[PDB]
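Trainee: Kindly return the folded structure for what I paste below:
(2 chains, ligands or ions: 4)
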2 protein chains.
Amino acid sequence: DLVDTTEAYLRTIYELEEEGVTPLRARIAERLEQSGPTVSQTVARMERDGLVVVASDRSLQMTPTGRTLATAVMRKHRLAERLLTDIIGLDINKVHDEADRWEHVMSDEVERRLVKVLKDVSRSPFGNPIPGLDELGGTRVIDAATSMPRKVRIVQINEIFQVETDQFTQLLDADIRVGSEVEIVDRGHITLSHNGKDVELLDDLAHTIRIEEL
Amino acid sequence: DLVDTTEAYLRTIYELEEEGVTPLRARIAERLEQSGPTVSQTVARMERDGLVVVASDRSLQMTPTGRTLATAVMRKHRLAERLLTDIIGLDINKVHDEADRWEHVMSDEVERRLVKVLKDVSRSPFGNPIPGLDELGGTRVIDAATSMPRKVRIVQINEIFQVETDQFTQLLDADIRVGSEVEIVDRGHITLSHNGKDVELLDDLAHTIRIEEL
Ligand code: NI
Ligand code: NI
Ligand code: NI
Ligand code: NI
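Mentor: Residues are numbered from 1 along each chain as shown, chains lettered A, B, ... in the order given. Ligands and ions are numbered 1, 2, ... in the order given. The protein structure is shown below:
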């Protein structure tokens, strides 16, 4: 079945977040092929357990601990996939479904071993970066970003102050303006994501674009 | 936790059977670090589900379906171990505990792939044969044995009829006499096991030693 229920919901919410979708209960229900009311029952208990808040707008907001797990689940999932693909040679059409069971039972140590053995752990076979490899072994953007991805709102871009200007069009093409509710992250390497499009910001631009919490 | 409860109990019972131990509820309880009464509750439901009978003598007797699963669980477990060891390079001290989670979520297809990729699937890293590789892709012994291992009783040995005699001592050393409750199997290659010692019987001896059900 789902193997680990809470972890299913956690990885679901991450993945909605990566696609730029608002992690709504109905969205999660749909993705998991579960019922809405079954979904609220689980969300209730994830709340209790400290993994989630149900925000004003009804969006599931992962607590930092919640987001840490979700990231860990996701990293296991993606590495099981690389493992299944690169090494085992499992039919690509079953790799995901399999990794959907293995994500819940892979130890940290096995993950660490997989980093050693595989050729490249930058992305899953399905083209998505693998997160949390570090964990394993108004307000300026440069200052509002952390290690973990938050949706925030663009409050000003300040193109007047910029020497380097080729990213003006990259933002525009990403419909990043005004704004304009985008996910920001970190590493300095800040990324603005908008639905679900990435603009890797050069430092001058990150230092000058300002955000506000939603 | 146990990941899959029924499958835990099934593989436990197999493994008691392989060591020549009588699969008693208290034995299973002890192995799983569960309580006796928790063990009867599970056994009740495995009965319902058709996987087990509780025999006169209070021994758990796997139904053929039960024994088929148990074999499949065991084969997954052992191949996860080979996989963990040979390929992943997981610390040998954690290989078992890990395979204890992976045994419940490995597909048949993944198993089949593992047969291709690994060098030798004859035994687990812990020295136990891997069973069911075929499934995946009074009464004479030759006639009482099937593909799946039954404990039966030795009713006569008939050493008077034997040309080849070097196995006389092999039986004796295995305390196989009179007898004498032993597991028998198949392939012709019949094996008599006694606690938990194997005598691979040559054909003349298998054709002439007679058994009775317990
Ligand atoms: Ni996947
Ligand atoms: Ni899953
Ligand atoms: Ni083991
Ligand atoms: Ni297990």
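
Trainee: C-alpha from now on. contacts and neighbour counts both.
Mentor: Noted.

Trainee: Show me what the longest helix along chain A is in contact with.
Mentor: The longest helix of chain A (DSSP state H) is helix A:64-82. Contacts of helix A:64-82 from elsewhere in the structure, counted by Cα atoms under 8 Å, 6 or more residues apart in numbering or on different chains, are A:7, A:10-11, A:14, A:50-52, A:95-96, A:99-100, A:102-104, A:106, A:111, A:114, A:118, A:121, A:123-125, A:130-133, A:148.

Trainee: name the element the residue lying closest to residue A:36 once chain neighbours are set aside belongs to?
Mentor: The shortest distance from residue A:36 to any non-neighbouring residue, by Cα to Cα, 6 or more residues apart in numbering or on different chains, is to residue A:29 (5.5 Å). In the assignment (DSSP states H and E), residue A:29 maps to helix A:25-32.

Trainee: Report the buried residues of the helix or strand following that helix.
Mentor: Using DSSP H and E, the helix or strand that follows helix A:25-32 towards the C-terminus is helix A:36-49. Using 16 or more other Cα atoms under 10 Å in any protein chain shown as the test for burial, helix A:36-49 gives A:39, A:43, A:46-47.

Trainee: Quick one: neighbours of the residue in chain A that ligand 2 sits nearest to, just the number.
Mentor: Proximity of chain A to ligand 2 (Cα to the ion) peaks at residue A:100, 3.5 Å away. For residue A:100, the number of neighbouring residues by other Cα atoms under 10 Å in any protein chain shown comes to 24.

Trainee: ok, now which ones touch residue A:213?
Mentor: Contacts of residue A:213 (Cα under 8 Å, 6+ apart): A:151-153.

Trainee: Try it again at 6 Å.
Mentor: Counting by Cα atoms under 6 Å, 6 or more residues apart in numbering or on different chains, residue A:213 touches residue A:152.

Trainee: Could you tell me how far it is located from residue A:175?
Mentor: Per Cα to Cα, to the nearest Å, residue A:213 is found 19 Å from residue A:175.

Trainee: and the angle from the helix holding residue A:29 to helix A:36-49?
Mentor: When axes from the mean of the first three to the mean of the last three Cα atoms, to 10 degrees is applied, the directions of helix A:25-32 and helix A:36-49 differ by 110 degrees.

Trainee: that older thread, could you tell me which of the contacts of helix A:64-82 count as buried?
Mentor: Buried among those (16+ other Cα under 10 Å): A:7, A:10-11, A:14, A:51-52, A:95-96, A:99-100, A:102-104, A:106, A:111, A:114, A:121, A:123-125, A:130-132, A:148.

Trainee: so of these, which ones are in helices?
Mentor: A:7, A:10-11, A:14, A:95-96, A:99-100, A:102, A:111, A:114.

Trainee: The residue sitting furthest away from the middle of chain A in helix, strand or coil?
Mentor: Distance from the C-alpha centroid of chain A peaks at residue A:160, with 31.9 Å (Cα atoms, centre = their mean). The assignment at residue A:160 comes out as helix when based on DSSP: H, G, I helix; E, B strand; the rest coil.

Trainee: show me what contacts the one residue in chain A that gets nearest to ligand 4?
Mentor: Taking Cα to the ion, ligand 4 has its nearest neighbour within chain A at residue A:105, 10.3 Å off. In this structure, residue A:105 makes contact with residue B:101, judged by Cα under 6 Å, 6+ apart.

Trainee: returning to that earlier point: may I see the buried residues of helix A:36-49 organised as CSV, with distance to residue A:57 added?
Mentor: CSV is the format used below for the buried residues of helix A:36-49 (distance: Cα to Cα, whole Å):
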residue, distance to residue A:57
A:39, 17
A:43, 15
A:46, 18
A:47, 16
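
Trainee: Can you narrow those down to the ones near ligand 2?
Mentor: Subset of the buried residues of helix A:36-49 in contact with ligand 2: empty, counting by Cα under 5 Å from the ion.

Trainee: Taking those residues, tell me the two that lie furthest apart.
Mentor: A:39 and A:47 (12.2 Å; Cα to Cα).

Trainee: what's next to stretch A:147-164, contact-wise?
Mentor: A:179-186, A:209-214.

Trainee: now do 8 Å
Mentor: A:67, A:138, A:168, A:176-187, A:204-205, A:208-214.

Trainee: Among the residues you listed, name the buried ones.
Mentor: Buried among these (16+ other Cα under 10 Å): A:67, A:176-177, A:181-186, A:205, A:208-212.

Trainee: in its sheet, what does the longest strand along chain A sit against?
Mentor: Ranked by residue count, the top strand of chain A under DSSP state E comes out as strand A:150-156. Strand pairing for strand A:150-156, using DSSP bridges, gives strand A:181-184 (antiparallel), strand A:210-212 (antiparallel).

Trainee: Could you list the contact residues of chain A toward ligand 2?
Mentor: Residues of chain A lying near ligand 2 (Cα under 5 Å from the ion): A:100-101.

Trainee: how does chain A divide up, domain by domain?
Mentor: According to curated CATH domains, chain A comprises the domains A:1-71, A:72-137, A:138-214.

Trainee: contacting residues around residue A:40?
Mentor: Counted by Cα under 8 Å, 6+ apart, residue A:40 has contacts residue A:25.

Trainee: quick revisit: name the residues of the helix holding residue A:29 that are buried.
Mentor: A:25-29.

Trainee: before we move on, the earlier item: for the residue of chain A closest to ligand 4, give its distance to residue B:127.
Mentor: Applying Cα to Cα to residue A:105 and residue B:127 gives a distance of 24 Å.

Trainee: thinking again about what came up before, return the distance of the helix holding residue A:29 from the chain's centre.
Mentor: With Cα atoms, centre = their mean, to the nearest Å as the basis, helix A:25-32 stands 17 Å off its chain's centre.

Trainee: cool, and stretch A:12-23?
Mentor: The answer for stretch A:12-23 is 7 Å, by Cα atoms, centre = their mean.

Trainee: Mind listing what's buried along it?
Mentor: Buried residues in stretch A:12-23, counted by 16+ other Cα under 10 Å: A:12-18, A:20, A:22-23.

Trainee: Likewise for stretch A:160-176?
Mentor: Buried, per 16+ other Cα under 10 Å, within stretch A:160-176: A:171, A:174, A:176.

Trainee: quick one: terminal-to-terminal distance for it?
Mentor: OK, stretch A:160-176 end separation, Cα to Cα: 16 Å.

Trainee: With stretch A:133-149 instead?
Mentor: OK, stretch A:133-149 end separation, Cα to Cα: 15 Å.

Trainee: give the contact list for residue A:198.
Mentor: A:174, A:191-192.

Trainee: farthest pair in the buried residues of stretch A:12-23?
Mentor: A:12 and A:20 (12.5 Å).

Trainee: Adding secondary structure as columns, could you present the contacts of residue A:198 in TSV?
Mentor: Output for the contacts of residue A:198, formatted as TSV (three-state DSSP):
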residue	secondary structure
A:174	coil
A:191	strand
A:192	strand
